[PDB]
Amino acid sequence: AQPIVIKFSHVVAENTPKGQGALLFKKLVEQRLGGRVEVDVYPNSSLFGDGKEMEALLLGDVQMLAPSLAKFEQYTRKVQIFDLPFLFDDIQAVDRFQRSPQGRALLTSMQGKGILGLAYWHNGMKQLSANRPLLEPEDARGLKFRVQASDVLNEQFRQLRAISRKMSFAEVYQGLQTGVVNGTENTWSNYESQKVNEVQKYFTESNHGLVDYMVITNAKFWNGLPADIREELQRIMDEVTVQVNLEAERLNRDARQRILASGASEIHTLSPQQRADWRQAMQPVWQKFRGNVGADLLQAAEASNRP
């Protein structure tokens, strides 16, 4: 009789990899478990936004989240590895890293704080945007970039002699519109779904980092479920993860196409030489975090680039 409630809060639009994943998890759970588990999905920060969502998870005011891997520094300093620029060539590489023993272990890295990782969901690679062309690294100097609340990402832009402003995802469009910030970094999906292309005249397809998610829950809640239900929820989560990874690839592509079709933002692609120039300018930031992430994680992550 007593329905089990899973409030699943996230900050993105519905027509995105995570937005679709949350909705699919709801659909499959409600259909397969016959209503014993209810999943209430809250997109676009409608329940909780960045930062506040984690506070809520610890207090039991929400049961499921899927934050960007860049937003966990207050819970563990190991997951920061995912934010290092140019560490992963593409999503295939980060996937290999995530499936390694160390990558699997990161799902438990916050267990001591009451947070359990259930899955990794892909979004895509990060691009650069601004209201001026970003062709070479010197072009970023003196600009104000919005970043996720991440020490690594702050330092990434400081390394370029740019200014970083940590701001919640909900506030990016207005920040750029009103000039609080000049540029940012994100996946095509996030840019187009929030209409940020309307307030950014230039994009550079840098693929200089990535956005992936860790699906997380409150340990007390998850462990308090009947074992048969918990195990089935995890199997369903595994099926949803497969679907999300598919949605991510095509949704990012479609978003890029929509931005290009507007004919009101330009997209600059880089030659290998041009991308290497950006890499040379940004890679020194790794020095500031190699202690936190550790030699082993770095080695494993770099090795993921070799099939």
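By rigid core we mean the largest C-alpha set that fits within 1.5 Å across both forms. Quick note: we count residues from 1 along the sequence shown, nothing fancier.
Core superposition of the other structures onto this form places the C-alphas of 266-274 farther off in 4 other deposited structures of this protein than those of the other stretch among 266-274 and 251-259. Taking the mean C-alpha B-factor of each stretch as recorded, 26-34 and 258-266 are not equal, and the higher mean is that of 258-266. A summary of the deposited B-factors shows that, of 277-285 and 65-73, the stretch with the larger mean C-alpha value is 277-285.
Looking only at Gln156, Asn131, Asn123, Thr184, the residue with the top Cα B factor in the deposited structure is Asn131. Per the PDB record, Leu225 has a higher Cα B-factor than any other of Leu233, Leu225, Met167, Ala119. Residue-level temperature factors show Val293 in the highest third of its chain, judged at the C-alpha atom.
When the modelled residues of the chain are ordered by C-alpha B-factor, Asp238 sits in the middle third. The PDB entry assigns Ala300 a C-alpha temperature factor belonging to the middle third of its chain's modelled residues.
Among all modelled residues in this chain, the alpha-carbon of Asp212 has a temperature factor (C-alpha) in the lowest third.
Ranked within its chain, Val5 lands in the middle third, by CA B factor from the PDB record.
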